[PDB]
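Taking it in order: structure first as structure tokens, then the write-up.
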Amino acid sequence: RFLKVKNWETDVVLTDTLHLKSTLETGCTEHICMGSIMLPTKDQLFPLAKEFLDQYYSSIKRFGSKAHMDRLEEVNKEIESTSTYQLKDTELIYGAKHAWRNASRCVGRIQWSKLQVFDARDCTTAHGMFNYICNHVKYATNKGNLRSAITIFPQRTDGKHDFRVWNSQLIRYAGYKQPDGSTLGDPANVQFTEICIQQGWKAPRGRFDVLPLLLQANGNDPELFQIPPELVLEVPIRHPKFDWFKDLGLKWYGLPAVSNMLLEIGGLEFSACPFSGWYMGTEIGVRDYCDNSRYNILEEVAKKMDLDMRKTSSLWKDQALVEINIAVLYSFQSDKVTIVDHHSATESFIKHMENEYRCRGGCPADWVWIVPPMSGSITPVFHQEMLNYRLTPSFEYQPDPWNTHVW
Amino acid sequence: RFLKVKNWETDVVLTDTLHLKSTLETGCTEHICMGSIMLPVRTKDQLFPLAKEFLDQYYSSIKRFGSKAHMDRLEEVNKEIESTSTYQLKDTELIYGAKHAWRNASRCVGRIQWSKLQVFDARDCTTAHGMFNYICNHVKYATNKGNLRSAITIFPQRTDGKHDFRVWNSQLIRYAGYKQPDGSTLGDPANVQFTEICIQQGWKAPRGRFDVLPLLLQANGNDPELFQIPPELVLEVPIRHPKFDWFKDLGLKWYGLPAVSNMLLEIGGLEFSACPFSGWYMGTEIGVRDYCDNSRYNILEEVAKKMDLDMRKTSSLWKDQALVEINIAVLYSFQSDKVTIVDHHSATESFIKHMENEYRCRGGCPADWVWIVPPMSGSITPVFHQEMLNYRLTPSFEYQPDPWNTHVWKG
Ligand code: HEM
Ligand code: HEM
Ligand SMILES: Cc1cc(N)nc(C[C@@H]2CNC[C@@H]2OCCNCC(F)(F)c2cccc(F)c2)c1
Ligand SMILES: Cc1cc(N)nc(C[C@@H]2CNC[C@@H]2OCCNCC(F)(F)c2cccc(F)c2)c1
Ligand SMILES: C[C@H](O)[C@H](O)[C@H]1CNc2nc(N)[nH]c(=O)c2N1
Ligand SMILES: C[C@H](O)[C@H](O)[C@H]1CNc2nc(N)[nH]c(=O)c2N1
Ligand SMILES: [Zn+2]
């Protein structure tokens, strides 16, 4: 029942008891581990609400109090009569923060309790969604001094009136297939860009075109909105040593903001809940720039560095990778836009894990995602055993709405 | 039933059926994943089924399933177990079994090579001196003056668990470690405990930074005995850098032959507690782990100091810069000395081709992503982007606890 995790660098051993509260399935079984797979009614709703409210009242040291019992009574009456219920503001804030706390793939959770929650449950139209999202963008960006935030649109009802942000992130670049076979812009976004144009977007047809928002309110057909250009903070990428680096013409945006997940709190489902923090540098320098399926820039940089590209064993890919990641960090830091390096972020996560074991009895963590995509074992998380399990409140991936939607 | 894995870079999707042949447990449940946990006497009753499963697999592989030879071998083994409580593998079976234990090793990125394994049958061995001679021969054959050849030496199987053959060393070749009164460590800090055991057993320690440890060998459950591998059989590579002439004066070297000696080989329910095996290094093992782990030789600072990197803030990525240069130096040095080594790009690319082939001909390839992805430059290797399924197939290699914890000292 009680499980131990060992750090092999320090010999520190921690005991996990929190996993006993896990509810949902991992995808693994006693016969098969799926650790590396990316995607592994009134009757159902009351136990979910009760479980949540119990943890909430426990959190504020009022478990088994009259107010605890009265709220449980209130919620039960509301579900029986209306088939759902509404969260109190205090409950919504607690829930959003805990969804982040429970996000096993997130290295940045030392920050979990510092989250600004924007209650957008009074929103009714796609134009309303756009205004809420602009305000989130401006608040979170804060002229480069980034602040974590989430904006929460109305919860699911019958499932035919969902609020959804069609975009995977609030800010991303367009991709276009070229009449010569190559891709201009971000190849990740070709399909979404096409849907945008199909819905009327006038595409600039450049390499770094900020995509418009496609917003769905109340199960309606999604609508197109452009984020005011002056709210989208971008960083030109230069290198502190290589003057030629700026000539690659690279830039990235300052605000990482995931907009396609589903927030579950107390059995209630918030299908539009865009949230934002700040970048860890490797996301941009390793994945966005160097994935073969993305901007794929390793060859160009290595050439400009005049490395021997004839043999893999010269480690030319590795040398150029480090330089790209040095450039990303330098550029953000020079322009006073919040960023964290992978050494700093992983060190903080280990401290967060220790805090969580001490105060909560554990911390669900997914090693496959937590270990950075470069220099893995020179970061402390590589050497740390982690247990992965699912706790609620939670964030869950949801499929692209253009698969599901009927026009 | 069918399980799919996807490659997120190529969109190639593969379908696993081989997982249906798995019966042993992973550590994981529907409620918890233990994929990053390093560590997640048989009765007759349990032995014949295991022997039957194995022999069925072997006879299928030689296309003789259900033959008279297959049926006669089943009867022969059944009678041997009923009568003696165990059985002996034919040489052909032992070879097939050792190759399949490697093919099945989900943490091994080098498995494209699995069918090329030289098997040394040491089941006639009776004493520690006998074990020493067999291990010396293994080292010489596998080293092959730098042109490394994969091999395994298999000592007698477990009988009652009171007469185990064991190599106490975790690898045939490793360097000593010495803890100093001031808390600093000379040599490899991973080996301090074992080094103290060797000294207690009578080893005269040179007390330098790269002293090759002696072998500590246990035959037939007896107390282990110390033996020094002839120095002329231990091939080493001094580490230098192609551009940085100061790299040589760090005084680094490493041994050419990686040889794991602490694992248990299970074939058909039989347990081979002493089965040292060897291949060749992937460079990152040495350049990333052995040299740069904080708990090992821990050379990053000294290298970065000599490179004159900005060390006041981690965001200069000085650790990452020094890491790459160290790994270039390891590959360069081995290559210049004509000692077989593989870089992480080549090894992972070959692994993906191996895995795809296995899906096509075998219906699967169990793989442990946490171990298969290299400890540097993870996402610029193709394995990072490849979904994997981890499950346990037999024959297999299993970790066993260090024998000094469990040994009954005879005196
Ligand atoms: C404040 C700074 C933050 C940092 C440095 C950070 C860092 C990261 C990183 C590096 C990842 C892996 C992302 C990837 O590889 O795509 C991640 C994932 C994730 N983060 Fe955090 N994060 C931060 C804030 C937040 C916030 C505010 C939330 C929610 C309120 C959050 C929830 C999540 C979730 C749910 C995932 C998994 C996403 C997915 O499945 O695609 N993070 N984070
Ligand atoms: C021929 C070249 C080979 C290469 C490049 C190679 C590469 C590797 C690497 C990089 C690892 C992870 C090592 C670590 O992090 O400690 C590994 C693990 C492993 N290898 Fe291979 N290997 C080779 C040959 C072999 C052979 C000949 C066998 C057995 C016959 C074998 C069986 C295993 C096993 C059982 C593990 C898991 C070890 C453990 O749990 O400690 N390998 N290999
Ligand atoms: C298939 C699938 C499943 C899943 N759960 N998730 C995905 C998104 C992928 C994961 N890996 C790359 C891409 O995710 C891109 C988004 N990255 C995270 C971030 F940049 F948006 C971010 C960083 C810090 C804070 C913050 F709020 C947001 C795909
Ligand atoms: C706790 C625990 C469990 C486990 N299964 N295993 C360990 C050995 C660890 C794994 N990671 C570092 C160390 O293993 C060190 C040995 N590495 C493998 C090698 F170098 F010997 C080798 C390389 C290529 C071919 C070959 F035949 C041998 C510890
Ligand atoms: C197949 C494998 O699970 C996949 O490539 C994962 C690996 N680890 C990751 N880790 C993070 N942080 N983000 C990712 O997108 C991925 N991708
Ligand atoms: C805790 C974690 O599982 C551990 O540090 C693992 C990670 N991946 C590894 N991968 C390899 N090849 N070898 C190792 O020793 C490890 N160590
Ligand atoms: Zn698992």
Side-chain angles (χ1 to χ4, degrees), chain A residues 34-39 100 105-108 111 140 146 148-150 168-172 188 255-261 274-280 282-284 287-288 291 294 340 366-373 377 395-399, chain B residues 5-9 38-39 98-99 101-114 116-119 142 148-152 170-171 258-260 262-263 265 275-285 288-289 340-342 344 346-347 350-351 368-369 371-375 378-379 383-388 396-399:
Chain A
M34 289 198 181
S36 69
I37 308 306
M38 293 198 75
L39 308 160
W100 184 10
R105 291 166 161 172
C106 179
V107 72
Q111 288 292 326
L146 310 188
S148 301
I150 181 166
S168 53
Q169 295 172 53
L170 297 179
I171 303 172
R172 295 193 79 177
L255 187 74
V258 170
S259 51
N260 69 160
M261 299 189 78
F275 61 82
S276 57
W278 53 79
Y279 265 122
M280 181 173 69
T282 54
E283 305 181 68
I284 306 162
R287 308 296 318 284
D288 300 325
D291 279 7
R294 297 295 299 294
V340 65
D366 179 346
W367 191 102
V368 169
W369 280 57
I370 296 291
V371 176
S377 71
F395 292 109
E396 305 282 16
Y397 176 86
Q398 61 193 327
Chain B
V5 284
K6 169 178 186 174
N7 186 297
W8 285 87
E9 155 185 23
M38 290 198 82
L39 300 161
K99 287 178 178 189
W102 184 13
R103 196 190 186 169
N104 294 337
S106 69
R107 295 166 159 166
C108 179
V109 71
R111 281 178 286 169
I112 197 166
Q113 287 291 330
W114 73 272
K116 192 171 180 192
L117 175 66
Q118 171 72 207
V119 178
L148 274 43
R149 295 189 280 202
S150 301
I152 179 164
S170 55
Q171 299 172 50
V260 169
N262 65 347
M263 293 186 84
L265 167 58
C275 61
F277 61 83
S278 62
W280 49 86
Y281 269 115
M282 182 169 77
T284 52
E285 298 178 66
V288 185
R289 308 300 312 284
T340 312
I341 195 162
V342 65
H344 52 290
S346 183
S350 293
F351 182 76
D368 178 344
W369 191 102
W371 283 53
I372 293 292
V373 177
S379 66
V383 289
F384 182 99
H385 306 273
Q386 179 70 56
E387 297 185 339
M388 293 168 197
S396 60
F397 294 107
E398 302 291 335
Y399 181 83

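Every number for a ligand or one of its atoms is a count from 1 in the order of the listing. Proteins get letters first, then strands, A, B, ... in listed order; numbering begins at 1 in each. FYI, side chains are in, hydrogens and waters are out, and symmetry mates aren't considered; it's all heavy atoms of this structure.
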With heavy atoms only and a cut-off of under 4.0 Å, state how [X] meets ligand 3: side chain, backbone, both or neither.
| X | answer |
| --- | --- |
| A:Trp369 | side chain |
| A:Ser276 | backbone |
| A:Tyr279 | side chain |
| A:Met280 | neither |
| B:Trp8 | side chain |

Any nitrogen or oxygen of [X], main chain or side chain, under 3.5 Å from a nitrogen or oxygen of ligand 5?
| X | result |
| --- | --- |
| A:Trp369 | yes |
| A:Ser36 | yes |
| B:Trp369 | no |
| B:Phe384 | yes |
| A:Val368 | yes |

Between B:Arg111 (side chain) and B:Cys108 (backbone), is there a donor-acceptor pair under 3.5 Å?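 Flag set: sc B:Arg111 to bb B:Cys108 pair under 3.5 Å.
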Of all the heavy atoms in A:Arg287, does at least one lie under 4.0 Å from an atom in ligand 5?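 So A:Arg287 counts as touching ligand 5.
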Pick whichever of B:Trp102, B:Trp280, B:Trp114 has a heavy atom sitting closest to atom 2 (C) of ligand 2.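 Selected option, by shortest heavy-atom distance: B:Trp280.
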Just going by heavy-atom distances, which of A:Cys106, A:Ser148, A:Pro256 is nearest to atom 26 (C) of ligand 3?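 Of the listed residues, A:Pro256 has the closest heavy atom.
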Taking the six-membered ring of B:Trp114, is the NZ or CZ of B:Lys116 close enough (under 6.0 Å from the centre) and on axis enough (within 45°)?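 Verdict for B:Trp114: no cation-pi partner in B:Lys116.
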Contact between ligand 3 and A:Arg287 is defined here as a heavy atom of the residue under 4.0 Å from a ligand atom; is it met?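 It does not; every heavy atom stays at 4.0 Å or beyond.
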Numbering the atoms of ligand 2 from 1, which are under 4.0 Å from a heavy atom of B:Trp371?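 Counting atoms of ligand 2 from 1, those under 4.0 Å from B:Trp371 are 39 (C), 40 (O), 41 (O).
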With a 4.0 Å cut-off, strictly under, does atom 9 (C) of ligand 3 pick up any protein heavy atom?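 When distances to the protein are checked, atom 9 (C) of ligand 3 has no heavy atom within 4.0 Å.
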Return yes when B:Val260 approaches ligand 2 closer than 4.0 angstrom through a heavy atom, no otherwise.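 No, that is not the case, since the closest heavy atom of the residue is not under 4.0 Å from the ligand.
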Give me the atom names and distance for the closest heavy-atom approach of B:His385 to B:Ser379.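 Heavy-atom minimum between the residues: NE2-O, 2.8 Å.
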